[PDB]
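Data first, discussion second: the structure below is written as structure tokens.
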2 protein chains.
Amino acid sequence: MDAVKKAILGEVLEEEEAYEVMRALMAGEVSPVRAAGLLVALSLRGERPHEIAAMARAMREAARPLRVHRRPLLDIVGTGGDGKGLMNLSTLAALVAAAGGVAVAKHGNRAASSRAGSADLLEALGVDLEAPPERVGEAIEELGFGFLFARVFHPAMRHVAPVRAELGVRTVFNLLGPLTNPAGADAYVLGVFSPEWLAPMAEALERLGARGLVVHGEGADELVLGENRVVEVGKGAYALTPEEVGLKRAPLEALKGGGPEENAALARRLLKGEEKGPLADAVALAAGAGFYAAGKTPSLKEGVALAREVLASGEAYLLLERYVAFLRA
Amino acid sequence: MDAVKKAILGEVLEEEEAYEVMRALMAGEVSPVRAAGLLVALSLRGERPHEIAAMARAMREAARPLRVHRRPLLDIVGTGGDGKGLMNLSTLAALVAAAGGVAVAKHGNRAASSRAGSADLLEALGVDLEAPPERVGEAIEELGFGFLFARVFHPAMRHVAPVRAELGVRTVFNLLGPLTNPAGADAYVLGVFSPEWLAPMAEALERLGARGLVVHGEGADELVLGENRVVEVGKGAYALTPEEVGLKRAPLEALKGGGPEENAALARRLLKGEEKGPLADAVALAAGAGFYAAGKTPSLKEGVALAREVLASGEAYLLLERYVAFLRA
């Protein structure tokens, strides 16, 4: 029986079938009606780690090829859809990590008509999102940082997004986004929207041959200055608080930021080491987890300590401008 | 929240939320993509009786209106989709019931599966399927019989038909068909494709203020000359065998039909009272369940005895002819 019909029927898909269904979606072989039915059936059934990993493979394989030598290669990405609208700090944590000596290939996208997306912020900072995949790869090899704009690497998403937007609910694609880095990143600080996804996503990463931390910060799909929950690949689960790594707490509101126009100005002051409020602490936290995930520092605390020093030096801003100029003719 | 979204999320709808969802669909306000999604979500978590009845009322409200004064008004119909291609026994049984003095408003359509649907049979017999609704209502109150062609009464279904065919699976619409009699029939012999739908559908009919039996016969969505399962509105569940109503068993193969003309040929022999084989027994069984559901006979046994006589009298054929001509008058 057809793999898509089987999914629509709500039956659990075997690894091969799950891969086939995603391959067809990415190949533009599934009508919107069936894509819609398929996605609803999976979100209601509860996608399993083996299905998740296999579909992740189908997606990666369908993307525009790009190979990078730099290793370890870190990515600080989230599943999105936490439903809170805080300032995406992953992008800034990525720049901090790259400035700190870790090769980074940050997977990102635009905020669905919200302008609060990583892509939106970088562009506002001077990043020409039109740069071909080859040039981005070159930036990763030479500068140690690259921003992988999902539109550029995943053509089929132009046809999937409308289906997702109309369904208006979370689907398997929220999980696959972080698991489909098109540069082959192998170290992660992957945030999820609900704690129920920490364990299964950690296994998904392990299945894909990756490592790092899967995190969740009190409802948010990113580390916050509160009672974070974490799951380490190759290790287990545990809580991570600010005080534990030398940082003090602060309400989520302190990490809300503001309008897409205001976020850009903040980013600059943050990367320069000018801004030193709760935003600078949450950036250090995620960057620290990155340093640790990629093996740059032996512990999370030393990772955060490095991130604060890097952030305070302003070198992360010099890297951003270096990258901006690198993409220009 | 939005009713359609709540459905897509897999949550049980409140009755009026269910009414609202179907009203939007029939009004053509739901994109085929969100429609495909809600339909899959509903079929997967299981539709409840209160939801089914509410959606049925919504659907009835969007159909071309037709009011019939004669009561009780009997309909012998099934959910269809059982894949067996049997002769159109319910249409013949409906005519036998009408020849017995019970006002009948039989709901039906052409068989897309292949051919030889209730509408196809009657068309071959000369019924003008295009006869306006107001005309069919005149026949019902004058000749006691009428065929309600779905295509003619439910133009709004064109907004949904495409999504049902594309999904390729059963949805709530397979259940609503028999619950949307355009004439407001209140007595039923309603067949379902699977036994698990007997009780929920009986409850749905009760909520709709209707009376009668919901039946299932060894895989078939109608009464067969075998071990039948029944759930009567206001009485409960029970098995129904040919023996207890004075009939003899026989295999489904004997109830097989064929093309529209062939089916029309047999229909002529049966209604004229010339063919006394298994087909005659099956027609009597259903027509008898109809007399009983409509309150014409105090029991199924008596209804079957009356049905056998009416069929053997050839009276049902005279009625048909009176029907055809009436539509051409």
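By convention in this document, the chains of the structure tokens carry letters A, B, ... by their order, each chain's residues are numbered from 1, and ligands are numbered from 1 in the order they are shown.
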
If you count only C-alpha atoms, which residues fall within 7 Å of residue 3 of chain A, apart from same-chain ones fewer than 2 positions away, as a tab-separated table (two decimals) with C-alpha atoms, in the first residue's frame?
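selection-v4.tsv written:
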```tsv
chain	number	residue	atom	x	y	z
A	1	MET	CA	0.00	0.00	0.00
A	5	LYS	CA	-2.11	6.59	2.34
A	6	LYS	CA	-0.74	4.47	5.17
A	7	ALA	CA	0.34	7.61	7.01
A	17	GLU	CA	8.14	4.20	4.64
A	20	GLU	CA	9.65	7.48	1.35
A	21	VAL	CA	6.87	9.80	2.48
```

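Every residue of chain B that lies within 7 Å of chain A is listed here, counting only C-alpha atoms: residues 8, 10, 32, 33, 34, 36, 37, 40, 41, 44, 163, 166 and 167 of chain B.
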
Please provide the set of residues having any atom within 8 Å of segment 81-91 of chain A, restricted to only C-alpha atoms, with same-chain residues fewer than 5 positions apart removed, written as JSON, numbers by chain.
{"A": [76, 106, 116, 117, 118, 170, 174, 192, 193, 194, 219, 220, 221, 222, 255, 256, 257, 258, 263, 282, 283, 286]}

Enter the distance from atom CA of residue 63 of chain A to atom CA of residue 260 of chain A, in Å, rounded to one decimal.
28.6 Å

Name all residues at most 7 Å from segment 269-279 of chain B (count only C-alpha atoms; drop same-chain ones fewer than 6 positions away) and give them as a list in words.
residues 250, 254, 255, 311, 312, 313, 314, 316 and 317 of chain B

With a distance cut-off of 12 Å and only C-alpha atoms, select the neighbouring residues of residue 205 of chain B, excluding the residue or stretch itself and same-chain residues fewer than 6 positions from it, and output the selection as a VMD selection string.
chain B and resid 49 to 54 56 to 57 175 to 176 178 to 181 184 to 190 197 to 199 211 to 214 231 to 234

From the list B:237, B:285, B:224, B:95, which residue is nearest residue 203 of chain B when using only C-alpha atoms?
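Among B:237, B:285, B:224, B:95, it is B:237 that comes nearest to residue 203 of chain B.
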
Show me, as a PDB file with C-alpha atoms, in the first residue's frame, the residues that have an atom within 7 Å of residue 296 of chain A when counting only C-alpha atoms, minus same-chain residues fewer than 3 positions from it.
```pdb
ATOM      1  CA  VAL A 102      34.168  27.047  17.026  1.00  0.00           C
ATOM      2  CA  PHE A 291      31.289  25.649  23.324  1.00  0.00           C
ATOM      3  CA  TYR A 292      30.691  22.617  25.519  1.00  0.00           C
TER       4      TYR A 292
END
```

Report as number ranges by chain: the residues of segment 98-236 of chain B with a DSSP assignment of helix (DSSP H, G or I), based on the backbone of this structure.
B: 98-99, 118-124, 133-143, 150-153, 155-159, 161-167, 172-179, 195-207

Store the residues picked out above, limited to C-alpha atoms, as a compact mmCIF listing (two decimals), in the first residue's frame.
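Just written: result16.txt:
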```
# COMPACT_ATOMS: atom_id res chain seq x y z
CA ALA B 98 -44.39 2.61 -0.56
CA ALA B 99 -46.65 0.15 -2.36
CA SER B 118 -29.49 3.46 -6.78
CA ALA B 119 -29.65 6.60 -8.95
CA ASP B 120 -28.27 4.69 -11.94
CA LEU B 121 -30.90 1.95 -11.57
CA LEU B 122 -33.82 4.34 -11.31
CA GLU B 123 -32.49 6.38 -14.24
CA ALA B 124 -32.43 3.28 -16.43
CA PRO B 133 -36.94 18.99 -6.02
CA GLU B 134 -40.35 20.63 -5.62
CA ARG B 135 -41.63 18.11 -8.17
CA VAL B 136 -40.26 15.12 -6.27
CA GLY B 137 -42.01 16.43 -3.18
CA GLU B 138 -45.34 16.47 -5.04
CA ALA B 139 -44.86 12.83 -6.01
CA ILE B 140 -44.06 11.80 -2.43
CA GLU B 141 -47.28 13.34 -1.14
CA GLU B 142 -49.34 12.14 -4.10
CA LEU B 143 -47.90 8.72 -4.98
CA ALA B 150 -28.01 13.67 -3.77
CA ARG B 151 -26.51 15.65 -6.66
CA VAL B 152 -29.76 17.60 -7.01
CA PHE B 153 -30.36 18.35 -3.32
CA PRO B 155 -25.02 21.35 -4.43
CA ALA B 156 -22.83 22.38 -1.49
CA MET B 157 -21.14 18.97 -1.49
CA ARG B 158 -19.23 20.02 -4.61
CA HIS B 159 -17.13 22.09 -2.19
CA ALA B 161 -16.31 16.03 -2.97
CA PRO B 162 -12.86 16.85 -4.40
CA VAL B 163 -11.15 16.56 -1.00
CA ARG B 164 -12.82 13.23 -0.18
CA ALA B 165 -11.69 11.60 -3.43
CA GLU B 166 -8.17 12.96 -3.04
CA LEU B 167 -7.68 11.79 0.58
CA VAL B 172 -17.18 11.62 8.57
CA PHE B 173 -18.96 12.27 5.25
CA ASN B 174 -19.43 8.53 4.66
CA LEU B 175 -21.52 8.53 7.84
CA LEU B 176 -23.39 11.78 7.15
CA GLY B 177 -24.76 10.74 3.76
CA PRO B 178 -27.56 8.60 5.19
CA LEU B 179 -28.20 11.16 7.94
CA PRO B 195 -20.50 -3.16 12.92
CA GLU B 196 -18.69 -0.69 15.19
CA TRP B 197 -20.79 2.09 13.67
CA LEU B 198 -24.16 0.50 14.52
CA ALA B 199 -24.47 1.95 18.05
CA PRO B 200 -23.00 5.44 17.44
CA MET B 201 -25.19 5.87 14.36
CA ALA B 202 -28.27 4.67 16.22
CA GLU B 203 -27.53 7.29 18.86
CA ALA B 204 -27.05 9.90 16.13
CA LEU B 205 -30.48 9.06 14.65
CA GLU B 206 -32.09 9.32 18.10
CA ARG B 207 -30.56 12.77 18.66
```

What residues in segment 36-237 of chain B get the DSSP label strand (DSSP E)? Please answer as a ChimeraX atom specification.
/B:73-78,103-104,106-108,147-149,187-191,211-217,228-232,236-237
